[PDB]
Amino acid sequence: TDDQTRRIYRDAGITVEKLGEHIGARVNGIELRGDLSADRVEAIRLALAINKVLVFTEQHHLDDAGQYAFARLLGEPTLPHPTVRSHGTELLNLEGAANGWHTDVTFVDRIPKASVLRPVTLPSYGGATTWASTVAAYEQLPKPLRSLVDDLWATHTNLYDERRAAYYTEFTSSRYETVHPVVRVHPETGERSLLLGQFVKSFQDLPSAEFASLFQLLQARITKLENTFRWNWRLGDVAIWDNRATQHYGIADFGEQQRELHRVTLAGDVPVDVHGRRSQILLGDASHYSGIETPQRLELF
């Protein structure tokens, strides 16, 4: 199947170079625009599915409008955030560093499927983003731990644990609780993926004392360095990641300097466990944030 993949890349006039065994690839030979032909878009789609995070360089032509137009080719853009309104209405303007391991917006039923990210303002040092493959983490589980997580369910919430305070106030202006399976089946690749991250509050049918120990054990397996791709930002860079197969972490190692990146996120579907059972909403309505995408299986998977 590998040769078929390279042929698809070739025909689309792109090159895709692996940057890590389990995650990360650099794409060259293409300028991201809203008028990319369908075949090239699908080549990017395939590269993303396989490699989980893609980086593009020298995209100096991109502005907010151009980034938005390109992102629309891969899916239906969500509102910037379900609760945060003060940092953009079309794109999400992330300031500082998102330094906690997470999958984006897992506290709603319709977890977004992907994000497109480009830097706007960068510090003189530090400030990398790192991603972890939750697909590799599942693959690496021994049988008894697989038996555990296949049956495990978790409640996700936006009420997670001067300006930083104000932001949290807006972030939690309305309360969301969603019960998701800890193992979801990727609707386009069929791969099993761990669904956890910092929005997780509890595990169904388990006491609080056991939550912390098991959460820690599973997160450490996800964020194991061998499963991670860490990217040093330069102006002109663009990252695309599969939010159904990763967690990420923005590193706050740049002191008091300003750091700004602009994000477009694409609507996803409701997670299903290994038996095909869907997540359940306890609190909140995310219909104003995005629709529910109808996913399509990739025929190579």
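All residue numbers are counted from 1 along the displayed sequence.
Engineer: Could you tell me how many residues of the deposited sequence sit unmodelled between residue 161 and residue 162 (none, 1 to 3, 4 to 9, 10 or more)?
Structural biologist: Per the deposited record, the segment joining residue 161 and residue 162 lacks coordinates for 10 or more residues.
Engineer: Using only the Cα atoms and their B-factors as the entry lists them, report which of 151-159 and 96-104 averages higher.
Structural biologist: Mean B over CA atoms: larger for 96-104.
Engineer: Could you settle it for me: does 265-273 or 34-42 have the higher average Cα B factor in the PDB entry?
Structural biologist: Result of the comparison: 34-42.
Engineer: Of 80, 127, 112, 142, which one's C-alpha B factor is largest in the deposited record?
Structural biologist: Answer, based on the entry's C-alpha B-factors: 80.
Engineer: In the PDB entry, which of 191, 170, 177, 210 has its C-alpha at the highest B-factor?
Structural biologist: The listed residue with the largest C-alpha B-factor is 170.
Engineer: Is the Cα B-factor recorded for residue 62 in the lowest, middle or highest third of its chain?
Structural biologist: Its C-alpha B-factor, which the entry lists for residue 62, ranks in the highest third among residues of this chain.
Engineer: Check where residue 14 lands among this chain's C-alpha B-factors and tell me if it's the lowest, middle or highest third.
Structural biologist: For residue 14, whose C-alpha B-factor we compare with every modelled residue in the chain, the answer is the highest third.
Engineer: Ranking the modelled residues of this chain by C-alpha B-factor as given in the entry, is residue 252 in the lowest, middle or highest third?
Structural biologist: CA B-factor rank for residue 252: middle third.
Engineer: Quick check on the deposited entry: does the C-alpha B-factor of residue 201 sit in the lowest, middle or highest third of its chain?
Structural biologist: Middle third by C-alpha B-factor.
Engineer: Comparing against every modelled residue in the chain, figure out the third that the C-alpha B-factor of residue 181 lands in (lowest, middle or highest).
Structural biologist: According to the entry, residue 181 has a C-alpha B-factor in the chain's lowest third.
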